[PDB]
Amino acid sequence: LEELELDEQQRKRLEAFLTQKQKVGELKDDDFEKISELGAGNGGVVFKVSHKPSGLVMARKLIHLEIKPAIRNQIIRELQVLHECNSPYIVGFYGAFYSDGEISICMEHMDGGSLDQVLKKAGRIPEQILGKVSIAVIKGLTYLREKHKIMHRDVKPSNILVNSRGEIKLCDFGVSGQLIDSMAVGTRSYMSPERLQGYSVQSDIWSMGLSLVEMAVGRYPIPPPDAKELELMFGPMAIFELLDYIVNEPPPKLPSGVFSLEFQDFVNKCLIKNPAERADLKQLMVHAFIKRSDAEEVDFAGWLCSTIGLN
């Protein structure tokens, strides 16, 4: 597929990552010194750590799990598939190990944090920036589907990471069933209405469209905002009530007058409740909003650094 091709810069960065990764070796707990806490999420705290032997800076997620030694070795073996997932739109993976009652997952460090964290800083994210985000998520989901036959299963702003180089990558896509089972939990407020009713990449496309709306307006779009909140933005529901709303009510949408019709049509085709009518990855890759965004020269790194205060 032409959408899986890489630039010369993307190919250079991918080779540089694998070249530095070959120098690492087997990860052990005592080889890490904590630098700072990057944040909490999905049953474990993520630390910015330094791998003392190699000197690299990594993100280390520690998941406290008390399981028999066999159960742990299965999770570690199932996470080894991440070594083969190499793409400019997938967060780089270093290794996983068990130590002192905690599963560690060491990955590439993204100094921009997640888009959940960026959204809290920005308030809302502009459409041109979200065009670059849409392109990366589509290509990331396409890479996982095409080269590995893998669904993400948990697309949301907190699982989309960015950095000061202008890169946008996905992470935390389901690869180990024994890890999800042993942790039984994550939010279901981004799941498609068909998954909430009892499973395809179409579900991930719903989650992308839902995440794009939240970042565009600056709030989780369900329940829909009233006209008073709109005039304050552009000029409580329990979780079980929220999931019932997703299944039994029409999908959310962008407000009129403030976003282009191509952007509105893009999220509309992502949020069609019928997965058969909902657009797939091939159709979205050639949507008018995506083709327009790909030709737009947007300085994402410059916008990101000034928005969150990186300097």
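Start at 1 and count along the sequence shown; that's the residue number. Only the largest set of C-alpha atoms that superpose within 1.5 Å between the two forms is called the rigid core.
- Here 88-96 and 165-173 are scored by the root mean square distance of their C-alpha atoms in 5 other deposited structures of this protein, with each structure fitted by the rigid core; the higher score goes to 165-173.
- Displacement analysis by core superposition in 5 other deposited structures of this protein ranks 35-43 above the other of 270-278 and 35-43 in root-mean-square C-alpha distance from the shown form.
- The stretch of deposited sequence separating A184 from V185 contains 1 to 3 residues lacking coordinates in this entry.
- Between 299-307 and 18-26, the higher mean Cα B-factor belongs to 18-26.
- Averaged over their C-alpha atoms, the temperature factors of 64-72 and 254-262 are higher for 64-72.
- Of the candidates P88, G209, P157, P236, it is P236 whose Cα B-factor is highest according to the PDB record.
- Residue set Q117, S176, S203, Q128: peak C-alpha B-factor at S176 (per PDB entry).
- In this PDB entry, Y220 carries a Cα temperature factor that places it within the middle third of its chain's modelled residues.
- Placement of the Cα temperature factor of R195 within the chain: middle third of the modelled residues, per the deposited record.
- Ranked within its chain, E84 lands in the middle third, by CA B factor from the PDB record.
- Annotation for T142: CA B-factor lies in the middle third of the chain's modelled residues.
- When all modelled residues of the chain are sorted by CA temperature factor, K132 is found within the lowest third.
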